[PDB]
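J.: This is structure-v6.pdb, which holds PDB, C-alpha atoms (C1' of nucleotides):
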```
ATOM      1  CA  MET A   1      88.434  33.398 133.602  1.00  0.00           C
ATOM      2  CA  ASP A   2      86.390  33.192 130.419  1.00  0.00           C
ATOM      3  CA  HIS A   3      88.020  35.746 128.119  1.00  0.00           C
ATOM      4  CA  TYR A   4      91.601  35.987 126.889  1.00  0.00           C
ATOM      5  CA  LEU A   5      93.462  38.570 124.811  1.00  0.00           C
ATOM      6  CA  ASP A   6      96.653  37.773 122.898  1.00  0.00           C
ATOM      7  CA  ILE A   7      98.981  40.688 122.166  1.00  0.00           C
ATOM      8  CA  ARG A   8     102.014  39.808 120.057  1.00  0.00           C
ATOM      9  CA  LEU A   9     105.289  41.700 120.199  1.00  0.00           C
ATOM     10  CA  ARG A  10     105.970  43.075 116.739  1.00  0.00           C
ATOM     11  CA  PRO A  11     109.505  42.027 115.685  1.00  0.00           C
ATOM     12  CA  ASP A  12     111.610  45.135 116.022  1.00  0.00           C
ATOM     13  CA  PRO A  13     115.156  46.004 114.906  1.00  0.00           C
ATOM     14  CA  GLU A  14     115.441  49.013 117.212  1.00  0.00           C
ATOM     15  CA  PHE A  15     114.986  47.069 120.462  1.00  0.00           C
ATOM     16  CA  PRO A  16     115.228  43.356 121.315  1.00  0.00           C
ATOM     17  CA  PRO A  17     111.941  41.671 122.326  1.00  0.00           C
ATOM     18  CA  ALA A  18     113.044  41.362 125.959  1.00  0.00           C
ATOM     19  CA  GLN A  19     113.005  45.156 126.323  1.00  0.00           C
ATOM     20  CA  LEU A  20     109.565  45.425 124.663  1.00  0.00           C
ATOM     21  CA  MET A  21     108.149  42.712 126.921  1.00  0.00           C
ATOM     22  CA  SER A  22     109.751  44.567 129.849  1.00  0.00           C
ATOM     23  CA  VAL A  23     107.988  47.832 129.030  1.00  0.00           C
ATOM     24  CA  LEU A  24     104.762  45.974 128.166  1.00  0.00           C
ATOM     25  CA  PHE A  25     104.711  44.172 131.520  1.00  0.00           C
ATOM     26  CA  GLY A  26     105.485  47.484 133.229  1.00  0.00           C
ATOM     27  CA  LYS A  27     102.654  49.382 131.583  1.00  0.00           C
ATOM     28  CA  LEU A  28     100.470  46.349 132.289  1.00  0.00           C
ATOM     29  CA  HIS A  29     101.375  46.696 135.974  1.00  0.00           C
ATOM     30  CA  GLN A  30     100.616  50.440 135.875  1.00  0.00           C
ATOM     31  CA  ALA A  31      97.260  49.826 134.155  1.00  0.00           C
ATOM     32  CA  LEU A  32      96.333  47.164 136.700  1.00  0.00           C
ATOM     33  CA  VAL A  33      97.298  49.588 139.461  1.00  0.00           C
ATOM     34  CA  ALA A  34      95.003  52.145 137.829  1.00  0.00           C
ATOM     35  CA  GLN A  35      92.067  49.717 137.616  1.00  0.00           C
ATOM     36  CA  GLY A  36      92.602  47.666 140.769  1.00  0.00           C
ATOM     37  CA  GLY A  37      90.951  44.289 141.175  1.00  0.00           C
ATOM     38  CA  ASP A  38      92.255  40.771 141.737  1.00  0.00           C
ATOM     39  CA  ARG A  39      90.410  38.780 139.023  1.00  0.00           C
ATOM     40  CA  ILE A  40      92.810  39.710 136.193  1.00  0.00           C
ATOM     41  CA  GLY A  41      95.489  37.195 135.239  1.00  0.00           C
ATOM     42  CA  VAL A  42      98.347  36.756 132.783  1.00  0.00           C
ATOM     43  CA  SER A  43      99.996  33.925 130.866  1.00  0.00           C
ATOM     44  CA  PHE A  44     102.756  33.436 128.295  1.00  0.00           C
ATOM     45  CA  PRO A  45     101.752  30.745 125.779  1.00  0.00           C
ATOM     46  CA  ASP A  46     105.121  30.839 123.964  1.00  0.00           C
ATOM     47  CA  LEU A  47     107.005  29.226 126.851  1.00  0.00           C
ATOM     48  CA  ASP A  48     110.295  27.409 126.299  1.00  0.00           C
ATOM     49  CA  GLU A  49     111.677  26.023 129.565  1.00  0.00           C
ATOM     50  CA  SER A  50     114.782  24.572 127.877  1.00  0.00           C
ATOM     51  CA  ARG A  51     116.434  27.950 127.257  1.00  0.00           C
ATOM     52  CA  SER A  52     114.139  29.685 129.818  1.00  0.00           C
ATOM     53  CA  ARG A  53     112.555  32.054 127.301  1.00  0.00           C
ATOM     54  CA  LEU A  54     109.309  34.010 127.551  1.00  0.00           C
ATOM     55  CA  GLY A  55     108.631  34.085 123.798  1.00  0.00           C
ATOM     56  CA  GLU A  56     106.677  36.782 121.969  1.00  0.00           C
ATOM     57  CA  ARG A  57     103.077  36.455 123.211  1.00  0.00           C
ATOM     58  CA  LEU A  58     101.157  37.974 126.125  1.00  0.00           C
ATOM     59  CA  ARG A  59      97.768  36.499 127.055  1.00  0.00           C
ATOM     60  CA  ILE A  60      95.664  38.475 129.535  1.00  0.00           C
ATOM     61  CA  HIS A  61      92.636  36.727 131.064  1.00  0.00           C
ATOM     62  CA  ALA A  62      89.547  38.419 132.526  1.00  0.00           C
ATOM     63  CA  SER A  63      85.891  39.111 131.642  1.00  0.00           C
ATOM     64  CA  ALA A  64      84.584  40.817 128.495  1.00  0.00           C
ATOM     65  CA  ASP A  65      83.995  44.294 129.884  1.00  0.00           C
ATOM     66  CA  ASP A  66      87.442  44.460 131.522  1.00  0.00           C
ATOM     67  CA  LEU A  67      89.253  43.567 128.280  1.00  0.00           C
ATOM     68  CA  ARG A  68      87.143  45.877 126.109  1.00  0.00           C
ATOM     69  CA  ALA A  69      87.844  48.584 128.708  1.00  0.00           C
ATOM     70  CA  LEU A  70      91.613  47.941 128.719  1.00  0.00           C
ATOM     71  CA  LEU A  71      91.658  48.327 124.933  1.00  0.00           C
ATOM     72  CA  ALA A  72      90.493  51.970 125.099  1.00  0.00           C
ATOM     73  CA  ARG A  73      92.858  53.366 127.774  1.00  0.00           C
ATOM     74  CA  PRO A  74      96.112  55.377 127.504  1.00  0.00           C
ATOM     75  CA  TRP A  75      98.153  52.356 128.655  1.00  0.00           C
ATOM     76  CA  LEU A  76      98.272  51.542 124.933  1.00  0.00           C
ATOM     77  CA  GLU A  77      99.201  55.079 123.866  1.00  0.00           C
ATOM     78  CA  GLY A  78     102.777  55.233 122.601  1.00  0.00           C
ATOM     79  CA  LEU A  79     103.094  51.447 122.254  1.00  0.00           C
ATOM     80  CA  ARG A  80     100.665  50.481 119.474  1.00  0.00           C
ATOM     81  CA  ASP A  81     103.254  50.869 116.718  1.00  0.00           C
ATOM     82  CA  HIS A  82     105.362  48.204 118.436  1.00  0.00           C
ATOM     83  CA  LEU A  83     102.812  45.434 119.060  1.00  0.00           C
ATOM     84  CA  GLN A  84      99.821  43.787 117.380  1.00  0.00           C
ATOM     85  CA  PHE A  85      96.378  43.235 118.894  1.00  0.00           C
ATOM     86  CA  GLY A  86      94.072  40.231 118.905  1.00  0.00           C
ATOM     87  CA  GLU A  87      90.372  39.731 119.693  1.00  0.00           C
ATOM     88  CA  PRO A  88      88.913  39.138 123.176  1.00  0.00           C
ATOM     89  CA  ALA A  89      87.382  35.685 122.777  1.00  0.00           C
ATOM     90  CA  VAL A  90      86.420  32.668 124.861  1.00  0.00           C
ATOM     91  CA  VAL A  91      89.011  30.120 125.976  1.00  0.00           C
ATOM     92  CA  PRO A  92      88.401  26.920 123.952  1.00  0.00           C
ATOM     93  CA  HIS A  93      87.561  23.578 125.508  1.00  0.00           C
ATOM     94  CA  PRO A  94      89.182  21.549 126.914  1.00  0.00           C
ATOM     95  CA  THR A  95      92.342  23.217 128.294  1.00  0.00           C
ATOM     96  CA  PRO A  96      94.612  22.564 131.282  1.00  0.00           C
ATOM     97  CA  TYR A  97      95.312  25.160 133.962  1.00  0.00           C
ATOM     98  CA  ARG A  98      98.473  26.476 135.605  1.00  0.00           C
ATOM     99  CA  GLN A  99      99.742  29.406 137.663  1.00  0.00           C
ATOM    100  CA  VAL A 100     102.014  32.423 137.225  1.00  0.00           C
ATOM    101  CA  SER A 101     104.119  32.843 140.360  1.00  0.00           C
ATOM    102  CA  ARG A 102     106.817  35.343 141.258  1.00  0.00           C
ATOM    103  CA  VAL A 103     109.796  33.385 142.603  1.00  0.00           C
ATOM    104  CA  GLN A 104     112.496  35.584 144.101  1.00  0.00           C
ATOM    105  CA  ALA A 105     115.618  34.508 145.965  1.00  0.00           C
ATOM    106  CA  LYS A 106     117.864  35.655 148.779  1.00  0.00           C
ATOM    107  CA  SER A 107     120.658  35.791 146.188  1.00  0.00           C
ATOM    108  CA  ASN A 108     121.874  39.057 147.707  1.00  0.00           C
ATOM    109  CA  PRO A 109     123.543  38.204 151.038  1.00  0.00           C
ATOM    110  CA  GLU A 110     123.893  41.895 151.950  1.00  0.00           C
ATOM    111  CA  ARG A 111     120.134  42.436 152.340  1.00  0.00           C
ATOM    112  CA  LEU A 112     120.061  39.497 154.754  1.00  0.00           C
ATOM    113  CA  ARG A 113     123.013  41.081 156.595  1.00  0.00           C
ATOM    114  CA  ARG A 114     121.090  44.373 156.869  1.00  0.00           C
ATOM    115  CA  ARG A 115     117.974  42.541 158.070  1.00  0.00           C
ATOM    116  CA  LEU A 116     119.833  40.479 160.707  1.00  0.00           C
ATOM    117  CA  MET A 117     121.770  43.504 161.955  1.00  0.00           C
ATOM    118  CA  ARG A 118     118.779  45.871 162.002  1.00  0.00           C
ATOM    119  CA  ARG A 119     116.447  43.592 163.959  1.00  0.00           C
ATOM    120  CA  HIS A 120     119.051  42.161 166.366  1.00  0.00           C
ATOM    121  CA  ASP A 121     121.692  44.958 166.659  1.00  0.00           C
ATOM    122  CA  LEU A 122     124.465  42.511 165.785  1.00  0.00           C
ATOM    123  CA  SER A 123     127.847  43.302 164.238  1.00  0.00           C
ATOM    124  CA  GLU A 124     129.101  42.799 160.706  1.00  0.00           C
ATOM    125  CA  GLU A 125     131.060  39.690 161.715  1.00  0.00           C
ATOM    126  CA  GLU A 126     128.209  38.058 163.647  1.00  0.00           C
ATOM    127  CA  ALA A 127     125.985  38.584 160.602  1.00  0.00           C
ATOM    128  CA  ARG A 128     128.752  37.191 158.379  1.00  0.00           C
ATOM    129  CA  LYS A 129     129.206  34.046 160.480  1.00  0.00           C
ATOM    130  CA  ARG A 130     125.452  33.548 160.930  1.00  0.00           C
ATOM    131  CA  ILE A 131     124.637  33.442 157.198  1.00  0.00           C
ATOM    132  CA  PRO A 132     127.468  32.636 154.748  1.00  0.00           C
ATOM    133  CA  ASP A 133     127.969  33.691 151.129  1.00  0.00           C
ATOM    134  CA  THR A 134     126.687  30.305 149.859  1.00  0.00           C
ATOM    135  CA  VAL A 135     123.075  31.408 150.524  1.00  0.00           C
ATOM    136  CA  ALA A 136     122.821  32.821 146.978  1.00  0.00           C
ATOM    137  CA  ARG A 137     120.213  30.814 145.061  1.00  0.00           C
ATOM    138  CA  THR A 138     120.509  30.278 141.307  1.00  0.00           C
ATOM    139  CA  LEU A 139     117.422  30.345 139.086  1.00  0.00           C
ATOM    140  CA  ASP A 140     116.602  29.111 135.578  1.00  0.00           C
ATOM    141  CA  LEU A 141     113.328  31.024 135.298  1.00  0.00           C
ATOM    142  CA  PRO A 142     112.369  33.639 132.681  1.00  0.00           C
ATOM    143  CA  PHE A 143     112.436  37.215 133.892  1.00  0.00           C
ATOM    144  CA  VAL A 144     111.138  40.703 133.097  1.00  0.00           C
ATOM    145  CA  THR A 145     113.239  43.820 133.784  1.00  0.00           C
ATOM    146  CA  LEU A 146     111.147  46.684 135.187  1.00  0.00           C
ATOM    147  CA  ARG A 147     112.033  49.999 136.837  1.00  0.00           C
ATOM    148  CA  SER A 148     110.382  52.073 139.555  1.00  0.00           C
ATOM    149  CA  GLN A 149     108.771  55.489 139.182  1.00  0.00           C
ATOM    150  CA  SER A 150     108.846  57.375 142.503  1.00  0.00           C
ATOM    151  CA  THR A 151     112.042  55.957 144.037  1.00  0.00           C
ATOM    152  CA  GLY A 152     113.524  54.520 140.867  1.00  0.00           C
ATOM    153  CA  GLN A 153     114.973  50.997 141.020  1.00  0.00           C
ATOM    154  CA  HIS A 154     115.289  48.556 138.118  1.00  0.00           C
ATOM    155  CA  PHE A 155     114.837  44.882 138.980  1.00  0.00           C
ATOM    156  CA  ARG A 156     114.292  41.577 137.214  1.00  0.00           C
ATOM    157  CA  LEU A 157     111.146  39.651 138.181  1.00  0.00           C
ATOM    158  CA  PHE A 158     111.242  35.888 137.668  1.00  0.00           C
ATOM    159  CA  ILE A 159     108.070  34.231 136.373  1.00  0.00           C
ATOM    160  CA  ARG A 160     107.377  30.563 137.088  1.00  0.00           C
ATOM    161  CA  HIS A 161     104.579  28.663 135.374  1.00  0.00           C
ATOM    162  CA  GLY A 162     103.370  25.930 137.697  1.00  0.00           C
ATOM    163  CA  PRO A 163     102.340  22.348 136.988  1.00  0.00           C
ATOM    164  CA  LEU A 164      99.513  21.612 134.571  1.00  0.00           C
ATOM    165  CA  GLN A 165      96.355  20.667 136.479  1.00  0.00           C
ATOM    166  CA  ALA A 166      93.013  19.411 135.200  1.00  0.00           C
ATOM    167  CA  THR A 167      90.772  21.786 137.178  1.00  0.00           C
ATOM    168  CA  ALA A 168      91.206  25.342 138.424  1.00  0.00           C
ATOM    169  CA  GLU A 169      90.265  26.777 141.810  1.00  0.00           C
ATOM    170  CA  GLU A 170      89.341  30.254 143.001  1.00  0.00           C
ATOM    171  CA  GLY A 171      91.921  32.874 143.922  1.00  0.00           C
ATOM    172  CA  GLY A 172      93.098  36.452 143.488  1.00  0.00           C
ATOM    173  CA  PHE A 173      95.779  38.163 141.432  1.00  0.00           C
ATOM    174  CA  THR A 174      98.194  40.995 142.164  1.00  0.00           C
ATOM    175  CA  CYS A 175      98.704  44.121 140.068  1.00  0.00           C
ATOM    176  CA  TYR A 176     101.391  42.179 138.193  1.00  0.00           C
ATOM    177  CA  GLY A 177      98.875  39.564 137.013  1.00  0.00           C
ATOM    178  CA  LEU A 178     100.609  36.851 139.053  1.00  0.00           C
ATOM    179  CA  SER A 179      98.675  33.951 140.560  1.00  0.00           C
ATOM    180  CA  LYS A 180      97.562  34.032 144.196  1.00  0.00           C
ATOM    181  CA  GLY A 181      95.497  30.861 144.051  1.00  0.00           C
ATOM    182  CA  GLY A 182      93.673  31.611 140.829  1.00  0.00           C
ATOM    183  CA  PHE A 183      94.918  29.692 137.822  1.00  0.00           C
ATOM    184  CA  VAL A 184      95.037  30.697 134.164  1.00  0.00           C
ATOM    185  CA  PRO A 185      94.045  28.362 131.303  1.00  0.00           C
ATOM    186  CA  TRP A 186      97.110  27.105 129.445  1.00  0.00           C
ATOM    187  CA  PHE A 187      96.698  26.690 125.684  1.00  0.00           C
TER     188      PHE A 187
ATOM    189  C1'   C B   1     159.602 -10.630 124.967  1.00  0.00           C
ATOM    190  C1'   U B   2     162.995  -4.188 124.359  1.00  0.00           C
ATOM    191  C1'   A B   3     172.410  -4.304 122.443  1.00  0.00           C
ATOM    192  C1'   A B   4     167.008  -7.621 127.538  1.00  0.00           C
ATOM    193  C1'   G B   5     168.255  -9.111 132.439  1.00  0.00           C
ATOM    194  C1'   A B   6     172.389  -6.297 137.562  1.00  0.00           C
ATOM    195  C1'   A B   7     174.820  -2.324 140.185  1.00  0.00           C
ATOM    196  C1'   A B   8     176.464   3.196 146.687  1.00  0.00           C
ATOM    197  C1'   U B   9     181.367   7.551 144.206  1.00  0.00           C
ATOM    198  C1'   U B  10     183.652   9.576 148.533  1.00  0.00           C
ATOM    199  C1'   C B  11     186.064  11.480 152.507  1.00  0.00           C
ATOM    200  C1'   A B  12     188.804  16.822 153.516  1.00  0.00           C
ATOM    201  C1'   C B  13     190.120  21.903 152.131  1.00  0.00           C
ATOM    202  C1'   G B  14     191.743  30.154 153.604  1.00  0.00           C
ATOM    203  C1'   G B  15     192.333  32.523 146.512  1.00  0.00           C
ATOM    204  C1'   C B  16     194.271  37.637 148.672  1.00  0.00           C
ATOM    205  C1'   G B  17     197.667  41.130 148.185  1.00  0.00           C
ATOM    206  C1'   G B  18     197.900  46.413 145.167  1.00  0.00           C
ATOM    207  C1'   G B  19     196.317  50.074 141.675  1.00  0.00           C
ATOM    208  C1'   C B  20     194.165  57.806 138.746  1.00  0.00           C
ATOM    209  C1'   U B  21     191.498  55.314 132.483  1.00  0.00           C
ATOM    210  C1'   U B  22     192.140  60.095 130.473  1.00  0.00           C
ATOM    211  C1'   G B  23     191.851  64.477 127.504  1.00  0.00           C
ATOM    212  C1'   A B  24     188.419  66.934 122.656  1.00  0.00           C
ATOM    213  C1'   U B  25     183.652  67.312 120.073  1.00  0.00           C
ATOM    214  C1'   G B  26     177.370  71.298 116.008  1.00  0.00           C
ATOM    215  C1'   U B  27     173.050  65.717 114.863  1.00  0.00           C
ATOM    216  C1'   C B  28     170.300  68.002 110.808  1.00  0.00           C
ATOM    217  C1'   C B  29     167.634  69.611 106.867  1.00  0.00           C
ATOM    218  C1'   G B  30     161.826  68.180 105.187  1.00  0.00           C
ATOM    219  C1'   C B  31     156.855  66.245 105.852  1.00  0.00           C
ATOM    220  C1'   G B  32     148.356  66.269 105.175  1.00  0.00           C
ATOM    221  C1'   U B  33     147.769  60.322 109.067  1.00  0.00           C
ATOM    222  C1'   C B  34     142.388  59.950 106.853  1.00  0.00           C
ATOM    223  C1'   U B  35     137.342  58.042 105.955  1.00  0.00           C
ATOM    224  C1'   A B  36     132.450  55.420 109.094  1.00  0.00           C
ATOM    225  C1'   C B  37     130.223  53.775 113.294  1.00  0.00           C
ATOM    226  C1'   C B  38     123.341  52.516 118.325  1.00  0.00           C
ATOM    227  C1'   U B  39     126.969  50.086 124.355  1.00  0.00           C
ATOM    228  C1'   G B  40     123.693  47.522 125.245  1.00  0.00           C
ATOM    229  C1'   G B  41     123.301  42.288 124.980  1.00  0.00           C
ATOM    230  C1'   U B  42     116.398  41.971 129.837  1.00  0.00           C
ATOM    231  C1'   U B  43     123.196  43.698 132.069  1.00  0.00           C
ATOM    232  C1'   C B  44     120.332  48.029 138.330  1.00  0.00           C
ATOM    233  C1'   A B  45     119.390  39.993 140.738  1.00  0.00           C
ATOM    234  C1'   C B  46     117.202  46.496 144.081  1.00  0.00           C
ATOM    235  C1'   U B  47     114.403  48.791 148.142  1.00  0.00           C
ATOM    236  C1'   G B  48     111.006  48.154 152.099  1.00  0.00           C
ATOM    237  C1'   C B  49     106.866  45.211 154.656  1.00  0.00           C
ATOM    238  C1'   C B  50     103.987  40.821 157.076  1.00  0.00           C
ATOM    239  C1'   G B  51     105.873  36.763 159.404  1.00  0.00           C
ATOM    240  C1'   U B  52     109.923  34.608 166.085  1.00  0.00           C
ATOM    241  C1'   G B  53     111.960  32.446 161.777  1.00  0.00           C
ATOM    242  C1'   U B  54     117.188  32.002 157.616  1.00  0.00           C
ATOM    243  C1'   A B  55     110.326  28.555 156.347  1.00  0.00           C
ATOM    244  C1'   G B  56     107.026  31.284 152.929  1.00  0.00           C
ATOM    245  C1'   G B  57     105.072  35.426 150.476  1.00  0.00           C
ATOM    246  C1'   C B  58     104.040  40.587 149.621  1.00  0.00           C
ATOM    247  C1'   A B  59     104.540  46.176 147.717  1.00  0.00           C
ATOM    248  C1'   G B  60     107.056  49.303 143.784  1.00  0.00           C
TER     249        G B  60
END
```
How does this structure look as structure tokens?
T.:
Amino acid sequence: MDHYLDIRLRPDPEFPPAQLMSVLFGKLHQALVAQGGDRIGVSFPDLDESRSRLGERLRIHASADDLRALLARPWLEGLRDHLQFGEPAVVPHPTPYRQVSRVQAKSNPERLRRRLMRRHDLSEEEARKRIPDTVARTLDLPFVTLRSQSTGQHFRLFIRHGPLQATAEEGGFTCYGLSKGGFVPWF
RNA sequence: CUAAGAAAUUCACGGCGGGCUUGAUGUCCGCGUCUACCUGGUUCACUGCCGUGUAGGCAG
């Protein structure tokens, strides 16, 4: 994708930057739900995989008309005191490419119990002996804490940046901006 | 290279029997506890779907 926009979280005493990036990713998801499309990607160029931090930057990649459209929408109403804007410009050359993947886990055993007892009509003990409590997977990935609107549930979403490649291939994106085959330029 | 260097305590057993502790009592006067605070630190690791699959993803 040719054009990128960098929005920086303004340093704020009233909330930590994790909460601002949470609400920014959430309103980003709501704006991408309102526009649709699968050619709109995200990246976080302030990565730090030692302490698993997401930093303070948000880089959204698409075309020119999409970015200049997303500037003038009410998904930036009520937030523009708390973040700074950049300019939609071309990605420089040359840059590597990588992905943004959502990596969940089956770290809750109880959902797997409910699944195995709802499809098979087992008992609690058969589901307990089939899958033990050691199935919980630990993760060292950065995460964003979003809530739900209609049936409200607050969850952390882990973001994984993939390996740096030399060329990018075609592919879509979700409403979260996450990679489904399409890679974002890393710089 | 140590006041070094060494070592088998052990067999057996009936502590019990008896008893009145009692009478009497004023706790009591008095008291300024105050001043000021972000519960969030991502702190709700959730809910459902495709998939035979626990393999892998998805949707909010």
J.: Output as a ChimeraX atom specification the set of chain B residues within 8 Å of chain A, with distances taken over all atoms listed in the file.
T.: /B:42,44-47,54,60
J.: I'd like the interatomic distance between CA of residue 136 in chain A and CA of residue 52 in chain A, to a tenth of an Å.
T.: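 Computing the Euclidean distance for CA of residue 136 in chain A and CA of residue 52 in chain A yields 19.5 Å.
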J.: CA of residue 8 in chain A and CA of residue 36 in chain A, how far apart in Å?
T.: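 So the two atoms, CA of residue 36 in chain A and CA of residue 8 in chain A, lie 24.1 Å apart.
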J.: One decimal, Å: what's the distance from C1' of residue 50 in chain B over to CA of residue 114 in chain A, could you say?
T.: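 Separation between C1' of residue 50 in chain B and CA of residue 114 in chain A: 17.5 Å.
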J.: Running the PyMOL selection byres ((chain A and resi 177) around 7) on this model by hand, what would come out? Give it as a tab-separated table (two decimals) with C-alpha atoms, in the frame of the given file.
T.:
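And here's part.tsv as it stands now:
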```tsv
chain	number	residue	atom	x	y	z
A	40	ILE	CA	92.81	39.71	136.19
A	41	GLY	CA	95.49	37.20	135.24
A	42	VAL	CA	98.35	36.76	132.78
A	173	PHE	CA	95.78	38.16	141.43
A	174	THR	CA	98.19	41.00	142.16
A	175	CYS	CA	98.70	44.12	140.07
A	176	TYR	CA	101.39	42.18	138.19
A	178	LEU	CA	100.61	36.85	139.05
A	179	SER	CA	98.68	33.95	140.56
```
J.: Of the candidates A:166, A:123, A:184, A:161, which shows the shortest atom-to-atom distance to residue 39 in chain A, using only C-alpha atoms?
T.: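 Looking only at the distances to residue 39 in chain A, the closest residue turns out to be A:184.
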J.: Put a box with edges along x, y and z around all the listed atoms of range 31-40 of chain A, pad it by 8 Å on each side, then give me its centre and sizes in Å, one decimal, as lines of an AutoDock Vina configuration file.
T.:
```
center_x = 93.9
center_y = 45.5
center_z = 137.9
size_x = 22.9
size_y = 29.4
size_z = 23.6
```
